[PDB]
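The chain below stands alone, shown as structure tokens; this is the form solved without the named molecule.
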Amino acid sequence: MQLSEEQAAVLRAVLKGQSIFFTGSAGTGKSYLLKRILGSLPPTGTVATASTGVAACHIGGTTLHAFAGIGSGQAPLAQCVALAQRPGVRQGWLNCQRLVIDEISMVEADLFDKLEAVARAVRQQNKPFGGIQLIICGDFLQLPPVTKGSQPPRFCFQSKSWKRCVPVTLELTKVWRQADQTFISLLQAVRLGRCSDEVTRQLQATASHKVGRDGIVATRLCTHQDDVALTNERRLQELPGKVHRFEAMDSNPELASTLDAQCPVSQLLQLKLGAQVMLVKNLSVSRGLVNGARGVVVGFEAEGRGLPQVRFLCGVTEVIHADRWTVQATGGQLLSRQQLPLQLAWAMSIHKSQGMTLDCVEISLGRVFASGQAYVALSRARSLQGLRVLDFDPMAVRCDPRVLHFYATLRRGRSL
């Protein structure tokens, strides 16, 4: 694809060796541009990471936690430095010339501070972040920071080292995920916490949307995985068909926990006729069989493993064959899982949707959400006709004042 002028400016800064933060609304092509950046660089000395396993998958990277190799990051700095000096971990720190981080908004400032300090200590380079070229992107108006500790987290930009570490800031301002300017304008009002009467009426009108197709119902977006598991298990149980089982094969079952964070499929996949499923690997972009595609199980092959036949929203029916995930864990340890690329999809967490495009979703937005969380949910949908919002109330839409102040300081001095 033709990069926009804005995307080309970011790639030019990266190839000049500039540390950069680039930002933009949901669906502006940040993660796409990271893939193009990675393609444009030598793989030696280039580390691709994201804040979360879900986001790391999108760019073929690892988690920032796995790269860093400092445990949780909560131990004292001396303990974290000793962990980073372990065989494998240390060579990763020493060999890293360029560190890509997607979905920065989930990285708390105290962790950024720890990583900056470990980088200097392991590399014995007394410069910001040990001299590593940082290539960071995300949207601070999307999912907020998380912490392995118990204190209220600070946004990454609050780190006293942030601006020294990413001195260049560029923006991507053209939304590609949604094609419809009416929906783009609605989403921007939500992102900024500006729900006019018109915006609220337009979101409430979606309560009547018939988002599915024959036999395909909406995926409910939920704030917590407990509620997702409960819903998917109950809806599967209620189907009359016999259960069909597909067991995953893992290279390292003792590290299942580490592999699950980054892999979107389960050790045990159970299906029935009528099961609502999400495809979680690109199979055929031309046929619309893409990551996030929704369908319904319409049959099982008679032969062999009895693989499922899935009809998708686009109208294509396909037998779904095995696939594989390889996850980079601590040091450079690699883990694999072989499984069908399907998950049950009556429900899905907002966190697990991070960075995805979806097209058949429902969400209840009648209570207080975390800063950015309602915006992330709404901005997954490719079009309004694939979105059903129940009980919408701008109480759900919250923007942390720290983030609005941050973006005002970013804007200061710019033409627009």
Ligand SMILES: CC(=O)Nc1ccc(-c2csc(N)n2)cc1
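Whichever C-alpha set is largest while still superposing within 1.5 Å between the two forms counts as the rigid core. Residue numbers here begin at 1 and follow the sequence given.
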Core-aligned Cα RMS comparison in 4 other deposited structures of this protein - stretch that moves more, 403-411 or 5-13: 403-411
In 4 other deposited structures of this protein, rigid core aligned: more displaced of 320-328 and 254-262 by C-alpha RMS: 254-262
Higher-scoring stretch by recorded Cα B factor average, 285-293 or 171-179: 285-293
Entry-level comparison of average CA B-factors, 127-135 and 250-258, reporting the higher stretch: 250-258
Highest recorded Cα temperature factor - choice among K242, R164, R191, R201: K242
Which of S196, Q158, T330, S72 ranks first by CA B-factor in the deposited coordinates: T330
Modelled-residue ranking by C-alpha temperature factor, third containing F369: highest
Within-chain third of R98 by Cα B-factor, per the entry: lowest
Lowest, middle or highest third - CA B-factor, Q267: highest
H224 - Cα temperature factor, lowest/middle/highest third of chain: middle
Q385 - which third its CA temperature factor falls in, relative to the rest of the chain: highest
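The form solved in complex with the named molecule is left out here; the points below concern that form.
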4.5 Å heavy atom contact, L38 to the named molecule in the entry with it bound: no
Interface membership of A347, the named molecule in the entry with it bound, 4.5 Å heavy atom rule: yes
Partner proximity in the entry with it bound: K352 to the named molecule, non-hydrogen atom cutoff 4.5 Å: yes
Partner contact for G69 in the entry with it bound: the named molecule, 4.5 angstroms, heavy atom: no
Options 233-241, 315-323, 123-131, 253-261; stretch whose heavy atom lies within 4.5 Å of the named molecule in the entry with it bound: 253-261
Contact assignment for the named molecule in the entry with it bound, among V228, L111, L186, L99, heavy atom within 4.5 Å: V228
The single option of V280, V211, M106, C80 touching the named molecule in the entry with it bound, heavy atom within 4.5 Å: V280
Residues of stretch 47-79 in contact with the named molecule in the entry with it bound (4.5 Å, non-hydrogen atom): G53, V54, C57
